Every structure is written in C-alpha cells, then in structure tokens.
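**Q** Below is the file protein_39.tsv, with TSV, C-alpha atoms (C1' of nucleotides).
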```
chain	number	residue	atom	x	y	z
L	12	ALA	CA	21.70	85.09	-45.78
L	13	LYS	CA	18.09	84.52	-44.70
L	14	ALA	CA	16.90	82.35	-41.82
L	15	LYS	CA	13.90	80.02	-41.59
L	16	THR	CA	12.42	78.47	-38.48
L	17	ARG	CA	13.18	74.81	-37.90
L	18	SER	CA	9.54	74.10	-37.00
L	19	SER	CA	8.51	74.94	-40.55
L	20	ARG	CA	11.42	72.93	-41.94
L	21	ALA	CA	9.88	69.90	-40.23
L	22	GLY	CA	6.40	71.07	-41.17
L	23	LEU	CA	5.65	71.30	-37.46
L	24	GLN	CA	4.06	73.95	-35.26
L	25	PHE	CA	5.62	73.40	-31.84
L	26	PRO	CA	8.83	75.32	-30.97
L	27	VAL	CA	11.69	72.98	-31.83
L	28	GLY	CA	14.00	75.97	-31.51
L	29	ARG	CA	12.83	76.63	-27.97
L	30	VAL	CA	12.52	73.06	-26.72
L	31	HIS	CA	16.03	72.22	-27.91
L	32	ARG	CA	17.42	74.82	-25.52
L	33	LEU	CA	15.47	73.21	-22.67
L	34	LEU	CA	17.30	69.89	-22.87
L	35	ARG	CA	20.58	71.78	-23.13
L	36	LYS	CA	19.91	73.43	-19.78
L	37	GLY	CA	17.97	70.43	-18.44
L	38	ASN	CA	21.19	68.57	-17.58
L	39	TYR	CA	19.67	65.29	-18.75
L	40	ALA	CA	22.83	64.88	-20.85
L	41	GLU	CA	25.98	66.78	-21.73
L	42	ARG	CA	25.49	66.45	-25.50
L	43	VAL	CA	22.24	66.22	-27.46
L	44	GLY	CA	22.06	64.77	-30.94
L	45	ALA	CA	20.46	67.40	-33.16
L	46	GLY	CA	17.96	64.84	-34.43
L	47	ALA	CA	16.46	64.19	-31.00
L	48	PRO	CA	14.53	67.46	-30.38
L	49	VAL	CA	12.91	67.46	-33.82
L	50	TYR	CA	11.67	63.99	-33.01
L	51	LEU	CA	10.61	65.15	-29.55
L	52	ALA	CA	8.60	68.19	-30.60
L	53	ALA	CA	6.79	66.05	-33.14
L	54	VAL	CA	5.64	63.68	-30.40
L	55	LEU	CA	4.11	66.44	-28.29
L	56	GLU	CA	2.10	67.86	-31.17
L	57	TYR	CA	0.63	64.41	-31.71
L	58	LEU	CA	-0.15	64.06	-28.01
L	59	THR	CA	-1.68	67.50	-27.65
L	60	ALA	CA	-3.74	67.01	-30.81
L	61	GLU	CA	-5.13	63.75	-29.46
L	62	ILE	CA	-6.80	65.28	-26.42
L	63	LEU	CA	-8.58	68.43	-27.57
F	1	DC	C1'	-88.59	-12.29	20.56
F	2	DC	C1'	-84.53	-11.48	19.95
F	3	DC	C1'	-80.59	-12.86	17.77
F	4	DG	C1'	-78.27	-13.53	13.53
F	5	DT	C1'	-77.38	-12.16	8.77
F	6	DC	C1'	-77.88	-9.18	5.62
F	7	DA	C1'	-79.91	-4.92	4.44
F	8	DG	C1'	-81.26	-0.52	4.83
F	9	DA	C1'	-81.37	3.89	7.21
F	10	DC	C1'	-79.05	7.00	10.60
F	11	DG	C1'	-75.25	9.42	12.66
F	12	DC	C1'	-70.95	10.56	12.40
F	13	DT	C1'	-67.12	11.62	10.03
F	14	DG	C1'	-64.57	13.82	6.02
F	15	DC	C1'	-65.01	16.71	1.96
F	16	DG	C1'	-65.97	19.75	-1.06
F	17	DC	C1'	-68.58	23.52	-2.00
F	18	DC	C1'	-70.00	27.78	-0.96
F	19	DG	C1'	-69.88	32.38	0.34
F	20	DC	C1'	-67.00	35.82	2.66
F	21	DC	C1'	-62.96	38.06	3.71
F	22	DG	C1'	-58.88	39.11	3.51
F	23	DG	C1'	-54.65	39.96	1.67
F	24	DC	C1'	-52.18	40.48	-2.00
F	25	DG	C1'	-50.74	42.01	-6.23
F	26	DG	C1'	-51.07	44.69	-9.97
F	27	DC	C1'	-52.06	48.78	-12.62
F	28	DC	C1'	-53.11	53.23	-13.13
F	29	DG	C1'	-54.29	58.74	-12.61
F	30	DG	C1'	-52.81	62.36	-11.62
F	31	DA	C1'	-51.30	65.51	-8.42
F	32	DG	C1'	-46.90	68.12	-7.76
F	33	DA	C1'	-42.10	68.99	-7.46
F	34	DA	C1'	-38.72	68.96	-8.75
F	35	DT	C1'	-35.89	69.40	-13.23
F	36	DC	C1'	-35.64	71.41	-17.95
F	37	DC	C1'	-35.70	74.23	-21.33
F	38	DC	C1'	-36.57	78.82	-23.51
F	39	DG	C1'	-36.25	83.50	-24.19
F	40	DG	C1'	-34.56	88.35	-22.55
F	41	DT	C1'	-30.80	90.95	-20.77
F	42	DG	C1'	-25.47	92.61	-20.21
F	43	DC	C1'	-21.37	92.27	-19.52
F	44	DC	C1'	-16.07	91.43	-19.23
F	45	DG	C1'	-12.72	89.15	-21.24
F	46	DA	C1'	-11.57	86.69	-24.65
F	47	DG	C1'	-9.57	87.95	-28.59
F	48	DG	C1'	-7.64	90.88	-30.93
F	49	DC	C1'	-4.16	94.24	-32.02
F	50	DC	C1'	0.28	96.82	-31.67
F	51	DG	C1'	5.59	97.69	-30.00
F	52	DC	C1'	9.34	95.67	-29.37
F	53	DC	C1'	13.17	92.97	-28.19
F	54	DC	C1'	16.15	88.32	-27.01
F	55	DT	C1'	16.39	84.45	-28.71
F	56	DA	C1'	16.30	81.47	-32.80
F	57	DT	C1'	18.62	80.91	-36.79
F	58	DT	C1'	23.20	81.14	-39.69
F	59	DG	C1'	28.33	80.34	-40.67
F	60	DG	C1'	32.28	78.39	-39.20
F	61	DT	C1'	35.23	74.73	-36.54
F	62	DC	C1'	37.44	71.20	-34.41
F	63	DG	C1'	38.06	67.61	-31.82
F	64	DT	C1'	36.09	63.68	-30.06
F	65	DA	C1'	32.18	60.45	-29.09
F	66	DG	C1'	31.13	56.70	-31.51
F	67	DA	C1'	30.97	53.81	-35.13
F	68	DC	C1'	33.09	49.79	-36.93
F	69	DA	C1'	36.19	46.28	-37.75
F	70	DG	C1'	38.09	42.76	-35.67
F	71	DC	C1'	38.67	39.53	-32.28
F	72	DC	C1'	38.77	35.85	-28.16
F	73	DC	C1'	36.21	32.86	-25.42
F	74	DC	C1'	33.01	32.10	-21.79
F	75	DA	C1'	28.92	30.14	-20.87
F	76	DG	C1'	24.43	29.46	-22.49
F	77	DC	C1'	22.30	25.81	-24.72
F	78	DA	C1'	21.83	20.59	-26.23
F	79	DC	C1'	21.37	16.37	-24.76
F	80	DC	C1'	21.75	12.21	-22.13
F	81	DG	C1'	21.06	8.98	-18.44
F	82	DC	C1'	19.34	7.84	-13.60
F	83	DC	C1'	17.02	9.04	-9.76
F	84	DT	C1'	12.59	10.23	-6.78
F	85	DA	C1'	10.29	13.28	-4.82
F	86	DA	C1'	6.79	15.28	-6.33
F	87	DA	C1'	2.71	15.38	-8.61
F	88	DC	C1'	-1.70	13.43	-9.38
F	89	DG	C1'	-6.19	11.15	-8.72
F	90	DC	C1'	-9.79	9.94	-5.57
F	91	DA	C1'	-12.20	9.38	-1.29
F	92	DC	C1'	-14.47	11.27	2.43
F	93	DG	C1'	-17.08	14.50	5.12
F	94	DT	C1'	-17.69	18.07	7.59
F	95	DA	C1'	-17.35	22.76	7.68
F	96	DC	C1'	-17.83	27.58	5.56
F	97	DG	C1'	-20.85	29.18	2.67
F	98	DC	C1'	-24.89	31.17	1.53
F	99	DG	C1'	-29.84	32.08	2.19
```
Would you encode the structure as structure tokens?
**A**
Amino acid sequence: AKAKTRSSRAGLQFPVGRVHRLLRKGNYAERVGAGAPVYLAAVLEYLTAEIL
DNA sequence: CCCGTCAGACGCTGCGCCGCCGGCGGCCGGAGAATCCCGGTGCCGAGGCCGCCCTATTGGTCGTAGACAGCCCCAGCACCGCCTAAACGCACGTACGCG
C-alpha cells in the first residue's frame, strides 16, 4: 500500500496531519471528529493568505 | 438815529476734502536647510541544498457517543378588559455655554 498526505487530499498546503495531533494533545476535548481539523487547517490558510 | 424787519455779510460751527501716515494685508523672491533621491560599493544571510529520521499515513476494530424516534407537557404567547401613573406638551428664564 502507498500513502498520500491528507493536505493534498484536501488540496491544501497547511499540515492537517500535524495540526490534528495538536488538538489531540491540547485537551480541548477527549474525542475529535475527523472532519474538524480538515476544516480548521483550511481556515488558517485563508487567514494567512489574507494578510501577506 | 436807532430800532425794526428783512436782507445781506461775517463768524462760527460742522463737514468734507485733502494730504499724510500709518498700519495692515497681501504677495512674492529667494536664500538655505533641511529632505530626497541617485549612483557606487560590499557584504552576510537569505536561500538554497543535502542527510536523515519520527511522525504522518495505512489497515484493522470495537464499542460507544450520538443520532433519532418518540413522547409528555409546561409555559410562552394571545388576547382581553380596567386601571393610572406615566408620559407628553409647553412655558419660563436663568444659567452654562461659548466667544
């Protein structure tokens, strides 16, 4: 089997794979819906793009 | 002759004119003092590149949040009538305010 990054699978650049781990250790919740981080990383890329 | 009336000239008063002076205002010239570029020079640090590995991704699972399906029932909403305090309009005037 071959693996592909999730960021590409969303057509995104920011590290969905990394940021998902952050909420897991961030203790904001005990369980995270897998859909949430993909949404989250998308937001940041929009925000960062807006400023520069 | 002088007074009296009216008339005419004088003196005084009020005015504008007249010239002077001042002040003001405006406008400008140009010094000149900064800022502003403009070009020459040289880094050091982006940026770029390479090694590498730890984490991200994959497969599987399993068990449990949570949907959802259904349900009861409070209590939020209508509305209805009677009441009056509460709101409203104006009427001054003086006092904050603004210059």
**Q** Show me, as a PyMOL selection string, every residue of chain L with an atom at most 12 Å from chain F, counting all atoms listed in the file.
**A** chain L and resi 12-18+20+26-32+41-44
**Q** For atom CA of residue L:51 and atom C1' of residue F:64, determine how far apart the two atoms are, in Å to one decimal place.
**A**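 Straight-line distance from atom CA of residue L:51 to atom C1' of residue F:64 works out to 25.5 Å.
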**Q** Counting all atoms listed in the file, what is within 10 Å of residue L:54, bar same-chain residues fewer than 6 positions away, as a list in words?
**A**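 After dropping sequence-adjacent residues, the list is residues 25, 48 and 60 of chain L.
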**Q** Keeping C-alpha atoms for every residue in the selection just given, could you write it to a file as a short mmCIF file (atom, residue, chain, number, x, y, z; two decimals), keeping the file's coordinate frame?
**A**
```cif
data_model
loop_
_atom_site.label_atom_id
_atom_site.label_comp_id
_atom_site.auth_asym_id
_atom_site.auth_seq_id
_atom_site.Cartn_x
_atom_site.Cartn_y
_atom_site.Cartn_z
CA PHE L 25 5.62 73.40 -31.84
CA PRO L 48 14.53 67.46 -30.38
CA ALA L 60 -3.74 67.01 -30.81
#
```
**Q** For atom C1' of residue F:48 and atom CA of residue L:24, determine how far apart the two atoms are, in Å to one decimal place.
**A** 21.0 Å
**Q** Report, in Å to a single decimal, how far apart atom CA of residue L:56 and atom CA of residue L:34 are.
**A** 17.4 Å
**Q** Mind working out the centre and edge lengths of an axis-aligned box for stretch 17-29 of chain L, all listed atoms inside, 5 Å added to each side, rounded to one decimal in Å and written as lines of an AutoDock Vina configuration file?
**A**
```
center_x = 9.0
center_y = 73.3
center_z = -35.0
size_x = 19.9
size_y = 16.7
size_z = 24.0
```
